[PDB]
Amino acid sequence: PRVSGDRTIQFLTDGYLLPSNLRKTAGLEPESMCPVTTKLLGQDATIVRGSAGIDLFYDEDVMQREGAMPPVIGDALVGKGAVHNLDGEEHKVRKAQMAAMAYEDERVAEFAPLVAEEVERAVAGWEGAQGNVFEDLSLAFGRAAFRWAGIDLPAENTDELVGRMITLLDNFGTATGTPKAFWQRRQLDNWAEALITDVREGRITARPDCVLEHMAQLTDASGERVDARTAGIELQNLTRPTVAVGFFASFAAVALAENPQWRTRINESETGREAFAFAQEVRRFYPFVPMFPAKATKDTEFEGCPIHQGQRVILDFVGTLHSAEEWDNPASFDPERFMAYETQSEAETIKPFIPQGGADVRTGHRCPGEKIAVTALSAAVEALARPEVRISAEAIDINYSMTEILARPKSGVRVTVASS
Ligand code: HEM
Ligand SMILES: CCCCCCCC/C=C\CCCCCCCC(=O)O
Ligand SMILES: [Cl-]
Numbered sequence: 009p010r011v012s013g014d015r016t017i018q019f020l021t022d023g024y025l026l027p028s029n030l031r032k033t034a035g036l037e038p039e040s041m042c043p044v045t046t047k048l049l050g051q052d053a054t055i056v057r058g059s060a061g062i063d064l065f066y067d068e069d070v071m072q073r074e075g076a077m078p079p080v081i082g083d084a085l086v087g088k089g090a091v092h093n094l095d096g097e098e099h100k101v102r103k104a105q106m107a108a109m110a111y112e113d114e115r116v117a118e119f120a121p122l123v124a125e126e127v128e129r130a131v132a133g134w135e136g137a138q139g140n141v142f143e144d145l146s147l148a149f150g151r152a153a154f155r156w157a158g159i160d161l162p163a164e165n166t167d168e169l170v171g172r173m174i175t176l177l178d179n180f181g182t183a184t185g186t187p188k189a190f191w192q193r194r195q196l197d198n199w200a201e202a203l204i205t206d207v208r209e210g211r212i213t214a215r216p217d218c219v220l221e222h223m224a225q226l227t228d229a230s231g232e233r234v235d236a237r238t239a240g241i242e243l244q245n246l247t248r249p250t251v252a253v254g255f256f257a258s259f260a261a262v263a264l265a266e267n268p269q270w271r272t273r274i275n276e277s278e279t280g281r282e283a284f285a286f287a288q289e290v291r292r293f294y295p296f297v298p299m300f301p302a303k304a305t306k307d308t309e310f311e312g313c314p315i316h317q318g319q320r321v322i323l324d325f326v327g328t329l330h331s332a333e334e335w336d337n338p339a340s341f342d343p344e345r346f347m348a349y350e351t352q353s354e355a356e357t358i359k360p361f362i363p364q365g366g367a368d369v370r371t372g373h374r375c376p377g378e379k380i381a382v383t384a385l386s387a388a389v390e391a392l393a394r395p396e397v398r399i400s401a402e403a404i405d406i407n408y409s410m411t412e413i414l415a416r417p418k419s420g421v422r423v424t425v426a427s428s
């Protein structure tokens with residue numbers, strides 16, 4: 009199945025609708041698991057979804073990531089030289105050091121009380137006042153992430169830096185926004201490089217064993233220190249994605265407005281199980297990652313479709329999370345799907361549940377921050393569910409576009425907390 013011509017421009021016009029539009033234009037039936045091939049950025053790109061597509065995408069014998077993400081997105085979103093761009097043993101060494109920070113249960117346990125405290129502070133700010141879920145909980149997540157990582161700055165400086173991260177996250181995916189995103193990336197990289205250099209030179213003392221110390225000690229496969237700007241880029245890759253949970257928190261507020269019986273169950277629970285299941289089904293249901301790219305390292309073949317060395321293979325995330333072959337009633341928002349699961353580690357066993365990537369965290373490129381992200385999102389769900397939180401139901405607060413990346417309600421979701 010092929011779609012003719014170069015469809016690069018259609019990525020910007022279609023956003024999250026791009027993969028299902030191309031499968032339709034190719035003549036596939038709805039719910040087909042067949043790959044579809046088009047041209048993007050002057051080369052072939054084959055779009056795959058579902059369990060077999062996951063197995064292909066994460067097969068590092070045939071897939072590489074260097075050069076897969078277009079720089080206009082990647083250099084703004086994750087920065088130059090980031091772990092996302094690495095392959096092979098160098099990738100494994102860098103990823104081990106980053107997963108040691110984000111993915112270890114004891115470090116997650118350190119994050120949990122910090123994010124609960126910052127969420128509670130944001131929500132207290134809504135009392136008798138006009139709050140904004142996206143802006144205020146993204147800020148709360150960023151404050152928690154800096155405290156968690158051992159980045160110790162005056163409150164005004166932290167808020168300003170977290171604000172730059174929000175501006176970057178809110179703008180990197182559009183034609184109008186990309187100059188703003190690249191401006192913020194420049195300032196943040198200068199800031200993080202200066203901080204790493206200050207730690208390495210002894211001008212700033214980092215808490216022993218904190219994330220900041222470990223990023224200052226970041227080394228490559230030969231044992232040599234990574235340069236200071238790259239280390240600062242990796243420090244941002246362990247703090248900015250926590251800020252980005254604000255997108256899921258905005259959707260969670262929408263979902264709580266739309267699912268008042270689940271909201272009641274969360275408020276009446278003693279266990280946190282409903283809030284966890286609700287947070288997971290927010291990550292399954294709402295659009296965040298549209299798709300993600302890799303490049304073939306050698307000629308190969310996938311379900312009768314030839315895959316040429318150097319072409320892109322694009323895993324369609326929305327189409328996997330919403331595949332009727334992989335899920336029962338995928339268009340239904342239903343936290344019961346996850347009520348039998350107790351931890352994020354257990355949720356990893358669900359093969360098509362890939363909101364932050366698939367396969368294995370330490371041996372592949374899968375996100376190492378899902379435990380942090382579910383911790384932050386669950387804290388948000390529990391605080392947003394409380395009955396004194398009044399979530400706006402106006403159209404600009406509830407609806408979101410599928411044709412712009414990233415997606416969120418235009419207003420950010422307006423909220424207030426009832427007060428006496
Ligand atoms: C809104 C929340 C988040 C989303 C939607 C998200 C999504 C993703 C996705 C799609 C990938 C690429 C997976 C692949 O290449 O196959 C990824 C990788 C990564 N994420 Fe997350 N993430 C989030 C939160 C976090 C958090 C909280 C952290 C750390 C504290 C984090 C750190 C990373 C890192 C370091 C990588 C690169 C891993 C590698 O290439 O080996 N992310 N994330
Ligand atoms: C031709 C290449 C086609 C592939 C284009 C892929 C577009 C990907 C768009 C957005 C990726 C979102 C990644 C998740 C961001 C949140 C975590 C973070 O801050 O790093
Ligand atoms: Cl299911």
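Residue numbering for the sequence shown follows the entry's author numbering, beginning at 9 and increasing consecutively.
Just so it is clear, CB atoms sit at the ideal spot from N, CA and C, and this is done for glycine as well.
Bounds of the alpha helix (DSSP H) holding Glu-378 are 378-393.
Between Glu-125 and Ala-153, the CB-CB gap reaches or exceeds 9 Å. The C-beta of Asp-69 has fewer than 16 other C-beta atoms within 10 Å across all chains shown, which makes the residue exposed. For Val-127, the CB contacts under 7 Å within the same chain, skipping 5 residues up- and downstream, are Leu-145, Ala-148, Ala-387, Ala-388 and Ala-391 in chain order.
Closest in alpha carbon position to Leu-203, among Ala-229, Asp-160 and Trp-270, is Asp-160. Taking a C-beta distance under 9 Å as the contact criterion, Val-141 and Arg-398 do not qualify as a contact pair. Put simply, of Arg-273, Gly-133, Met-173 and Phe-341 the residue whose alpha carbon is nearest the alpha carbon of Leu-246 is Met-173. Not a single heavy atom of ligand 3 lies less than 8 Å from the C-beta of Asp-368.
Rounded to the nearest angstrom, the gap between the Cα atoms of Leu-176 and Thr-250 is 13 Å. The beta carbon of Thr-33 sits closer than 6 Å to the beta carbons of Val-11 from its chain, once the five residues preceding and following it are set aside; these are given in chain order. Within the stretch 187-253, the runs of alpha helix (DSSP H) at least 4 residues long that lie entirely inside it are, in chain order, 219-224, 236-244 and 248-251. A distance below 9 Å separates the beta carbons of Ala-285 and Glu-344. Bridge partners of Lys-303 according to DSSP: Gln-72 and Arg-320.
A distance criterion of 8 Å places the beta-carbon of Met-77 in contact range of ligand 2, judged by its closest non-hydrogen atom. Distances between the C-beta of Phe-361 and the heavy atoms of ligand 2 are all 8 Å or more. With 5 Å as the limit, the residues whose C-beta approaches a heavy atom of ligand 1 more closely than that are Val-91, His-92, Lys-103, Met-106, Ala-110, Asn-245, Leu-246, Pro-249, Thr-250, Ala-252, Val-253, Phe-296, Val-297, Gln-364, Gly-365, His-373, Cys-375, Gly-377, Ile-380 and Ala-381, in chain order. The alpha carbon of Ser-427 has as its nearest neighbour, out of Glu-97, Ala-132 and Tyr-66, the alpha carbon of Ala-132.
Per the Cβ contact rule, the stretch 84-96 is not in contact with the stretch 338-355 (fewer than 3 Cβ pairs under 8 Å). With a cutoff of 9 Å on beta-carbon distance, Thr-182 and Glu-412 are scored as near each other.
In this structure, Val-297 lies near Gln-364, with their beta-carbon atoms less than 9 Å apart. Contact between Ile-362 and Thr-308 is ruled out by a C-beta separation of about 21 Å, above the 8 Å threshold. In the displayed model, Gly-365 falls within a strand according to three-state DSSP.
Under DSSP, the beta-bridge partners assigned to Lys-47 are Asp-14 and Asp-52. Straight-line measurement puts the Cα of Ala-107 at about 15 Å from the Cα of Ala-367. It is roughly 44 Å from the alpha-carbon of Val-80 to the alpha-carbon of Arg-273. Counting only the Cα atoms, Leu-323 lies some 10 Å from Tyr-66. The alpha-carbon separation between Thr-54 and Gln-317 amounts to approximately 12 Å.
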